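Working notes, beginning with the structure itself.
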Amino acid sequence: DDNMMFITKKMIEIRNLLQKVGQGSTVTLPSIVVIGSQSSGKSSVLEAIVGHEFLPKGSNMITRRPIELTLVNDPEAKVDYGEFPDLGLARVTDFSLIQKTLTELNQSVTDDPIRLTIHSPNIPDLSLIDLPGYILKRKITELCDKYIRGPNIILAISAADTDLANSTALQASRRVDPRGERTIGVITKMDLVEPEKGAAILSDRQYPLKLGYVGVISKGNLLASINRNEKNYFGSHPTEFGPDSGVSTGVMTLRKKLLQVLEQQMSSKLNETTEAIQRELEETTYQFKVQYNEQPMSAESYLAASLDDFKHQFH
Amino acid sequence: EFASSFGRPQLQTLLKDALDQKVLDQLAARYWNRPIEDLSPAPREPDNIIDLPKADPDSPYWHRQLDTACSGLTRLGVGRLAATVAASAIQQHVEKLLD
């Protein structure tokens, strides 16, 4: 089902190349945006870390700049390693170093969002961005709202202790998405609630959406262990949230859903985006004629013609 | 009887028409004007089709534009266009025969 992960990785690389083309490359492909209120914002950070592998997160985060995570299927690679594009060609083995570096970027604080790239075999390639969660506060909200508007596959996490209505995350998710078509929900911190409790949250009708909600508890060999606990815990109250139950939970199903949504939405945006690139290629090509007669040029060919003219003059 | 009736020149006109519409597709996307909203246009503005006849030959919206138009037309899924058009013709004639 390899062909499958692959469509996404090809698109993610293409998302990067649109992002990098140039000034008028207003054009881009969508991606996952992640919002969460404070307890919920903490649940969301935890979750992002947990989805793949431990990474520097939380503690004290100014949350002023977004972090564009781009993941890569890492089969044939046996070392968990993450690299920064602006810090090009550098690979980082231990995430503690990635803690020091990105969190000092966190204390430096333009609004530009740092790009990131991590390769790990258990992780499926994705393209999520983590912006600061809701708690000056106005200005953070302002960025959040602007990012949510555009058709990115958004959404939300919500801690089990808070009422669903009370949480800003799902509340803005509903504000910018009335239909709930492009937004997925996650109920975190679910470990300390009765199974009656998971049932009412994991499945609700007060606020229905497509792609459903996903409940999970996130928090060496940490991956597998977080997996182990999810496999182990539901056994406590299996009938309340397990097979054939309407709710869905644990990190893996939530991930494959993420794969599906991302492949589908991106694929919708591909047409309009592509005609856009053909229009900007035609603009660049036409300017290439009016300016410099479309001839290929290198700096050495320029340098040769002058040097030559100078020697005959000097003679 | 229909298979003895059908043959090839039917395909001829069929593919020649769809490649015409593709010709209209290329020409517009590469040469002509675009939709209108209150938003002001791209400038552009050396790309005026009118000074095409009495122009000097080495001008792109001429040279490079035609050049990329033909490269684009040939390196388009003409293979897949013929396939699907012959597909929808044969499919139609079998649905006419079923009536």
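We number each residue from 1, going along the chain as drawn.
Per the header: electron microscopy, 18.8 Å.
Keep in mind that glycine also has a Cβ here, set from the backbone N, Cα and C atoms.
According to Swiss-Prot, the features are:
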REGION    A:36-43  region 'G1 motif'
BINDING   A:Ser39, A:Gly41, A:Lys42, A:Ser43, A:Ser44, A:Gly58, A:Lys189, A:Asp191, A:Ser218  GTP binding site
BINDING   A:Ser43, A:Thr63, A:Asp130  Mg(2+) binding site
REGION    A:130-133  region 'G3 motif'
REGION    A:188-191  region 'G4 motif'
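Structural mapping of features recorded in Swiss-Prot.
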residue: A:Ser39; record: GTP binding site; Cβ neighbours (10 Å): 18
residue: A:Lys42; record: GTP binding site; Cβ neighbours (10 Å): 19
residue: A:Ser43; record: Mg(2+) binding site; Cβ neighbours (10 Å): 29
residue: A:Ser44; record: GTP binding site; Cβ neighbours (10 Å): 26
residue: A:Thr63; record: Mg(2+) binding site; Cβ neighbours (10 Å): 20
residue: A:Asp130; record: Mg(2+) binding site; Cβ neighbours (10 Å): 25
residue: A:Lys189; record: GTP binding site; Cβ neighbours (10 Å): 23
residue: A:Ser218; record: GTP binding site; Cβ neighbours (10 Å): 22
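In the region 'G4 motif' (A:188-191), helix, strand and coil residues by DSSP number 2 helix, 1 strand, 1 coil. With helix defined as DSSP H, G or I and strand as E or B, the region 'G3 motif' (A:130-133) counts 0 helix, 1 strand, 3 coil.
Those residues of the chain, other than A:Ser43, A:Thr63, A:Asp130, with a C-beta within 8 angstroms of the mean position of the Mg(2+) site C-beta atoms are A:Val34, A:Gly36, A:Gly41, A:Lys42, A:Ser44, A:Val45, A:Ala48, A:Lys57, A:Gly58, A:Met61, A:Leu131, A:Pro132, A:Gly133. In sequence order there is nothing to list: of A:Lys42, A:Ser43, A:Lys189, none of the binding-site residues comes within a CB distance under 8 A of chain B.
Helix, strand and coil counts from DSSP across the region 'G1 motif' (A:36-43) read 6 helix, 0 strand, 2 coil. Rounded to the nearest whole angstrom, the C-alpha distance between A:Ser44 (GTP binding site) and A:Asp130 (Mg(2+) binding site) is 9. Of the recorded residues, A:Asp130 (Mg(2+) binding site) and A:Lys42 (GTP binding site) place their C-alpha atoms 12 Å from one another.
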